[PDB]
>>> print(open('start-v3.txt').read())   # compact mmCIF, C-alpha atoms
# COMPACT_ATOMS: atom_id res chain seq x y z
CA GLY E 1 98.96 144.95 88.26
CA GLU E 2 95.89 145.09 90.49
CA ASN E 3 95.48 148.84 91.00
CA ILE E 4 95.35 151.64 88.44
CA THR E 5 98.15 154.07 87.58
CA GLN E 6 99.33 155.98 84.52
CA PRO E 7 96.33 155.41 82.20
CA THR E 8 96.98 155.26 78.45
CA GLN E 9 94.92 156.74 75.62
CA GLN E 10 91.95 154.41 75.17
CA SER E 11 88.50 155.62 76.21
CA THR E 12 87.41 158.81 77.96
CA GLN E 13 84.08 159.48 79.67
CA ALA E 14 82.60 161.21 82.72
CA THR E 15 79.03 159.92 82.66
CA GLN E 16 78.75 156.13 82.62
CA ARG E 17 81.80 155.89 84.89
CA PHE E 18 80.10 158.11 87.47
CA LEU E 19 77.18 155.68 87.74
CA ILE E 20 79.59 152.83 88.48
CA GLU E 21 81.31 154.80 91.24
CA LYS E 22 78.00 155.24 93.08
CA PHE E 23 77.28 151.52 92.79
CA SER E 24 80.54 150.55 94.47
CA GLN E 25 80.11 153.35 97.01
CA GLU E 26 79.17 151.26 100.04
CA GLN E 27 77.21 153.21 102.65
CA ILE E 28 77.12 152.34 106.35
CA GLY E 29 73.82 151.52 107.97
CA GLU E 30 74.34 151.68 111.72
CA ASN E 31 71.32 153.93 112.28
CA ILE E 32 69.58 152.62 109.23
CA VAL E 33 66.70 150.63 110.72
CA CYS E 34 66.38 148.29 107.72
CA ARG E 35 66.60 147.98 103.93
CA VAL E 36 63.76 146.71 101.73
CA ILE E 37 64.59 144.92 98.50
CA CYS E 38 61.80 143.90 96.12
CA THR E 39 63.34 141.10 94.03
CA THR E 40 60.25 140.63 91.86
CA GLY E 41 60.69 144.20 90.66
CA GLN E 42 57.59 145.81 92.15
CA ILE E 43 59.67 148.22 94.22
CA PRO E 44 63.33 149.33 93.92
CA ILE E 45 65.76 148.81 96.80
CA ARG E 46 64.72 151.47 99.31
CA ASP E 47 66.67 152.18 102.48
CA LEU E 48 64.52 152.25 105.61
CA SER E 49 66.05 154.19 108.50
CA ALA E 50 65.37 155.34 112.03
CA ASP E 51 67.03 157.25 114.87
CA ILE E 52 69.01 155.11 117.32
CA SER E 53 68.64 157.75 120.02
CA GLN E 54 64.90 157.10 119.97
CA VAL E 55 65.52 153.47 120.90
CA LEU E 56 67.67 154.48 123.87
CA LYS E 57 64.84 156.58 125.29
CA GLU E 58 62.00 154.35 124.07
CA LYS E 59 58.32 155.05 124.77
CA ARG E 60 58.67 158.80 124.19
CA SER E 61 60.67 158.32 120.98
CA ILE E 62 59.83 155.21 118.96
CA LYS E 63 57.18 155.72 116.27
CA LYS E 64 58.22 155.26 112.64
CA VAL E 65 56.45 153.35 109.87
CA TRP E 66 57.19 152.74 106.20
CA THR E 67 54.47 152.51 103.55
CA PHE E 68 54.55 151.12 100.03
CA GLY E 69 51.94 152.47 97.64
CA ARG E 70 50.34 155.60 96.34
CA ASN E 71 52.44 158.04 98.25
CA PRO E 72 55.05 160.66 97.31
CA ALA E 73 57.37 158.03 98.74
CA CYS E 74 56.06 157.04 102.08
CA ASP E 75 58.32 154.07 102.00
CA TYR E 76 58.53 154.25 98.21
CA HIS E 77 56.95 156.52 95.58
CA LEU E 78 55.17 154.40 92.96
CA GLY E 79 52.41 154.71 90.39
CA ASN E 80 48.71 154.64 91.25
CA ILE E 81 47.09 151.26 90.58
CA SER E 82 43.62 150.60 92.01
CA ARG E 83 44.64 146.95 92.56
CA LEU E 84 48.13 146.09 93.86
CA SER E 85 50.56 148.97 93.86
CA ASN E 86 48.90 151.77 95.82
CA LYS E 87 49.11 151.68 99.62
CA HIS E 88 49.78 147.97 99.17
CA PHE E 89 51.79 147.45 102.33
CA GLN E 90 53.55 148.98 105.31
CA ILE E 91 56.46 148.45 107.72
CA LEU E 92 56.28 149.44 111.40
CA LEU E 93 59.22 150.31 113.66
CA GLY E 94 59.04 150.25 117.44
CA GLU E 95 57.79 148.07 120.29
CA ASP E 96 60.83 147.76 122.56
CA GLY E 97 62.99 148.92 119.66
CA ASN E 98 62.25 145.81 117.61
CA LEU E 99 60.81 146.00 114.10
CA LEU E 100 57.33 145.09 112.84
CA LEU E 101 55.87 144.55 109.37
CA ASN E 102 52.38 145.75 108.51
CA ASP E 103 50.81 144.04 105.56
CA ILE E 104 48.39 146.44 103.97
CA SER E 105 46.98 145.26 100.68
CA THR E 106 43.63 145.51 98.95
CA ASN E 107 42.52 141.86 98.98
CA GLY E 108 45.56 139.69 99.76
CA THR E 109 48.95 139.96 101.51
CA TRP E 110 51.35 137.02 101.87
CA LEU E 111 54.23 136.18 104.17
CA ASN E 112 56.77 133.67 102.86
CA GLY E 113 54.01 131.89 100.96
CA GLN E 114 51.55 132.20 103.82
CA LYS E 115 48.62 134.55 103.32
CA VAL E 116 48.16 136.86 106.32
CA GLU E 117 45.74 139.43 107.74
CA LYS E 118 45.67 142.98 106.38
CA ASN E 119 46.90 145.90 108.51
CA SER E 120 48.40 143.18 110.69
CA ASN E 121 51.74 144.09 112.29
CA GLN E 122 54.36 141.34 112.13
CA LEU E 123 57.45 140.47 114.13
CA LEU E 124 60.57 141.30 112.13
CA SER E 125 62.31 138.33 110.60
CA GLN E 126 65.81 137.91 109.17
CA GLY E 127 65.47 138.51 105.45
CA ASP E 128 61.68 138.30 105.74
CA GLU E 129 59.58 138.49 102.58
CA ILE E 130 55.98 139.48 101.83
CA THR E 131 54.20 138.21 98.72
CA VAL E 132 51.31 139.96 96.99
CA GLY E 133 48.95 139.51 94.05
CA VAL E 134 48.61 135.78 94.48
CA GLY E 135 46.47 133.57 92.30
CA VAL E 136 48.61 132.98 89.24
CA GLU E 137 52.26 131.93 89.37
CA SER E 138 52.80 134.54 86.66
CA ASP E 139 51.00 137.32 88.56
CA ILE E 140 52.63 137.17 91.96
CA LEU E 141 54.69 140.00 93.41
CA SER E 142 57.30 139.58 96.15
CA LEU E 143 58.80 141.90 98.74
CA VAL E 144 61.93 141.28 100.80
CA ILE E 145 63.38 143.14 103.78
CA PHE E 146 67.09 143.04 104.62
CA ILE E 147 67.76 144.03 108.23
CA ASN E 148 71.22 145.35 109.10
CA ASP E 149 72.70 143.25 111.91
CA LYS E 150 74.77 146.33 112.77
CA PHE E 151 71.71 147.94 114.34
CA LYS E 152 71.09 144.87 116.50
CA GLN E 153 74.74 144.87 117.57
CA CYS E 154 74.40 148.42 118.88
CA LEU E 155 71.39 147.54 121.03
CA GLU E 156 73.34 144.67 122.58
CA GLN E 157 76.27 146.95 123.41
CA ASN E 158 73.80 149.25 125.17
CA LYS E 159 71.92 146.84 127.43
CA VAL E 160 69.63 148.00 130.24
CA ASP E 161 70.87 147.74 133.83
CA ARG E 162 71.27 149.68 137.08
CA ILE E 163 73.80 147.62 139.04
CA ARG E 164 76.67 149.49 140.70
>>> encode(input="start-v3.txt", output="structure tokens")
Amino acid sequence: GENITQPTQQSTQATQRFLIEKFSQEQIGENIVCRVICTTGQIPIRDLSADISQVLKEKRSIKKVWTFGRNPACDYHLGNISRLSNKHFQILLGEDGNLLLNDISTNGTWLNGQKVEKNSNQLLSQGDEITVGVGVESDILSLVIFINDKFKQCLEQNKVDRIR
């Protein structure tokens, strides 16, 4: 008895069960540039995506950037806090198809426990993470980006060459 069949009278509902279905509903991210997951809780898992076709052409089509802060949802739509919360950081996509991270914060942006320069694009890293609001162990906020290897696999399958 692993599957479900012939349910007996026990509990009926069409609300809470629906939420569970969506959770299990796994979506494919082959064109989905990358997914950002804020573990600290500052920002909710937001899916970052881009057009693969743009990468194939490059130059002409390759300009997409995600922003976290006071926006209707640039990258994410969040409240308006004069300190850390507003346009607190950004993610850049492009440069030979690769991905870049732009740390935009008011006074301090961190990378894996290493304070960095503001509005400073960064080379994408596997499971990279940006920390913000440093000073007190109890007042630090973290940001993590989960890149889909599927996207990288596609680029490899479509290498550049002109040999007959």
>>> residues_around(input="start-v3.txt", residues="residue E:34", least_positions_apart="3", cutoff="9 Å", atoms="all atoms listed in the file", output="list in words")
residues 29, 31, 47, 48, 49, 50, 99, 145, 146, 147, 148 and 151 of chain E
>>> closest_residue(input="start-v3.txt", among="E:52, E:28, E:3, E:58", to="residue E:160", atoms="all atoms listed in the file")
E:58
>>> closest_residue(input="start-v3.txt", among="E:118, E:77, E:152, E:17", to="residue E:101", atoms="only C-alpha atoms")
E:118
>>> residues_near_point(input="start-v3.txt", point="(58.9, 146.7, 118.6)", cutoff="10 Å", atoms="all atoms listed in the file", output="PyMOL selection string")
chain E and resi 55+58+62-63+92-101+121-124
>>> closest_residue(input="start-v3.txt", among="E:54, E:42, E:61, E:126", to="residue E:81", atoms="all atoms listed in the file")
E:42
>>> residues_around(input="start-v3.txt", residues="residue E:66", least_positions_apart="3", cutoff="7 Å", atoms="all atoms listed in the file", output="mmCIF file with C-alpha atoms, keeping the file's coordinate frame")
data_model
loop_
_atom_site.group_PDB
_atom_site.id
_atom_site.type_symbol
_atom_site.label_atom_id
_atom_site.label_comp_id
_atom_site.auth_asym_id
_atom_site.auth_seq_id
_atom_site.Cartn_x
_atom_site.Cartn_y
_atom_site.Cartn_z
ATOM 1 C CA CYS E 74 56.060 157.040 102.080
ATOM 2 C CA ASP E 75 58.320 154.070 102.000
ATOM 3 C CA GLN E 90 53.550 148.980 105.310
ATOM 4 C CA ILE E 91 56.460 148.450 107.720
ATOM 5 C CA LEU E 92 56.280 149.440 111.400
#
>>> atom_distance(input="start-v3.txt", atom1="atom CA of residue E:68", atom2="atom CA of residue E:89")
5.1 Å
>>> residues_around(input="start-v3.txt", residues="residue E:140", least_positions_apart="2", cutoff="12 Å", atoms="all atoms listed in the file", output="PyMOL selection string")
chain E and resi 39-42+84+108-110+113+130-138+142-143
>>> closest_residue(input="start-v3.txt", among="E:164, E:46, E:60, E:150", to="residue E:73", atoms="only C-alpha atoms")
E:46
>>> atom_distance(input="start-v3.txt", atom1="atom CA of residue E:32", atom2="atom CA of residue E:51")
7.7 Å
>>> atom_distance(input="start-v3.txt", atom1="atom CA of residue E:20", atom2="atom CA of residue E:33")
25.8 Å
>>> closest_residue(input="start-v3.txt", among="E:144, E:107, E:24, E:64", to="residue E:83", atoms="all atoms listed in the file")
E:107
>>> axis_aligned_box(input="start-v3.txt", around="stretch 50-59 of chain E", padding_each_side="5 Å", output="AutoDock Vina command-line options")
--center_x 63.7 --center_y 155.6 --center_z 118.7 --size_x 20.7 --size_y 14.3 --size_z 23.3
>>> closest_residue(input="start-v3.txt", among="E:65, E:116, E:56, E:88", to="residue E:156", atoms="all atoms listed in the file")
E:56
>>> residues_around(input="start-v3.txt", residues="residue E:86", least_positions_apart="3", cutoff="6 Å", atoms="only C-alpha atoms", output="MDAnalysis selection string")
chainID E and resid 69:70 80:81
